[PDB]
């Protein structure tokens, strides 16, 4: 597939915006595990102005007025801490053309080939040299379009980033911002003095890859949830805990782990509902923390799926305000946060990462020509990472996108359908 860039624009906010040196909390400075660019696919409607680039760029420039930090750049304060200089320098918007068709991407699994739909970022001319958000609209031969989105993690997590992208789509339709962003990350300042109450292994560094996507129907999901009754168990677990448990159990079996091999599952957890007092709605920044259930492979494989679900349940139930405040305090005491590199190491066999986008508004971006037929990660960056996606047809199905070693993938597919 040839992808040609046709035009590139640095889009500035539509009018001047306030200056500010926007402070980053310790969870805006840590690289989140599950940070990823995303891609949306749209089918042509027959409209002659489908994804008109002037309409998209004018709306983007208007959306950057209330979301002005998105238009800013990174810089170091007087103490060397990375902050966002809100200078309105703008967001990169690339228009590209493909000589292939949307159907060339098949089920839209996040292979490295999807990275080609998001602008590449040259993070080697120093922290100020690049935009915090890069966007690419690619026009395909049969009229389909992709939108690729790459946002630098200091700016926002996925929740705040989709707020922006949805708000841009609203403006493209003529609706002003429905929930204005609340911009003040000092609400996540650590205590003074900082005093952790727990160990936080998720921030302690440790002392061929294939990617696929697999659809489970609403009935398969309901059949999985019903397995909580197995072997007399009386505790009900949610669709999410049972599906996440089943993905973990299936990955252990597909990798052929020994009965006494240990496995850590890292689960992205949004702190917005859990912190006290809870953050104002529209909080703009990062609030993702990591839960870490640990189990023996023989127990996960040989006990019913509710055992893996129970471990996930217990681990998420530990993620309360006390735990999240402790995590911020632990980070405050570390000499170097850049050093807390959460990379390829972390999710490799026998460990695993799972993040769910089921409760995120990933299909709400309608720029005037309809909601997307698919939205998902634009390429999965580390082997051992998995994403649970809600259905773009609103039919109660859920898709599991995952990266595994190639010789484990067909086993994983086989075990995922053993429900």
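Residue numbers count along the first chain shown, from 1.
Chemist: Deposited residues absent from the coordinates between residue 207 and residue 208, none, 1 to 3, 4 to 9, or 10 or more?
Modeler: Going from residue 207 to residue 208, the model skips 10 or more residues of the deposited sequence.
Chemist: Can you tell me whether 32-40 has a higher mean C-alpha B factor than 61-69 in this record, or the other way round?
Modeler: The stretch with the larger mean CA B-factor is 32-40.
Chemist: Comparing 357-365 with 47-55, which has the greater mean CA B-factor as deposited?
Modeler: The entry gives the higher C-alpha B-factor average to 47-55.
Chemist: Name the one of 101, 175, 118, 295 with the greatest CA B-factor according to the PDB entry.
Modeler: Of 101, 175, 118, 295, 175 has the highest C-alpha B-factor.
Chemist: For the CA B factor values reported in this entry, which option in 261, 146, 166, 197 has the top one?
Modeler: Of 261, 146, 166, 197, 197 has the highest C-alpha B-factor.
Chemist: Ranking the modelled residues of this chain by C-alpha B-factor as given in the entry, is residue 232 in the lowest, middle or highest third?
Modeler: Top third by C-alpha B-factor.
Chemist: Please say which third, lowest, middle or highest, residue 339 falls into when its CA temperature factor is compared across its chain.
Modeler: For residue 339, whose C-alpha B-factor we compare with every modelled residue in the chain, the answer is the highest third.
Chemist: Should residue 136 be placed in the lowest, middle or highest third of its chain by the C-alpha B factor in the entry?
Modeler: Answer is lowest: the recorded C-alpha B-factor places it there.
Chemist: Once the chain's modelled residues are ordered by C-alpha B factor and cut into thirds, is residue 193 in the lowest, middle or highest one?
Modeler: Residue 193: CA B-factor falls in the highest third of its chain.
Chemist: Lowest, middle or highest third: where is residue 328 by C-alpha B factor in its chain?
Modeler: Middle third by C-alpha B-factor.
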